[PDB]
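**Student:** pasting the structure only:
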Ligand SMILES: [Cl-]
Ligand SMILES: [Cl-]
């Protein structure tokens, strides 16, 4: 899989060139970064909030564009929200690692497929 940033921050290799989606990706990196350093019930819920908002938006753009790989992508999103929606603070190290991995892998292995398509 792709390199997990340490510190856990977005960098330009994750860019999709759709400004609001890129800004959304930057806030999910920051949401996980904050849960790592302050593994609190508010930060977990903020993470769930910013990830649900991003997924609704990215799906709206894929549907508007009639992007034909939207259906497996939506399933990826649904499963992730179900997993982080089911967590409670403090999130254990396995699940923090899962989240760090999932974001990196999701943007470069799946969100990258819509580059120039939305
Ligand atoms: Cl890379
Ligand atoms: Cl095209």
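**Tutor:** Received it, and whenever you're ready, just let me know what you need. Numbers count the residues shown, from 1 in each chain. Ligands and ions are numbered 1, 2, ... in the order given.
**Student:** so for this structure, the centremost residue is which one?
**Tutor:** Centroid-nearest residue in the chain, with CA atoms, centre = their mean: residue 103, separated by 4.5 Å.
**Student:** for this protein, what spans make up the strands?
**Tutor:** Counting by DSSP state E, the chain has no strands to list.
**Student:** in this protein, which helix has the most residues?
**Tutor:** Longest helix of the chain, by residue count under DSSP state H: helix 41-64.
**Student:** show me what that helix is packed up against.
**Tutor:** Judged by 3 or more CB pairs under 8 Å, 6 or more residues apart in numbering; DSSP states H and E, the packing partners of helix 41-64 are helix 19-37, helix 70-86. (C-beta placed from N, C-alpha, C; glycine too.)
**Student:** distance of residue 102 relative to residue 65?
**Tutor:** Computed with CB to CB, to the nearest Å, the distance linking residue 102 and residue 65 is 24 Å.
**Student:** out of the two, which sits in the busier spot?
**Tutor:** residue 102 (20 against 12; other CB atoms under 10 Å).
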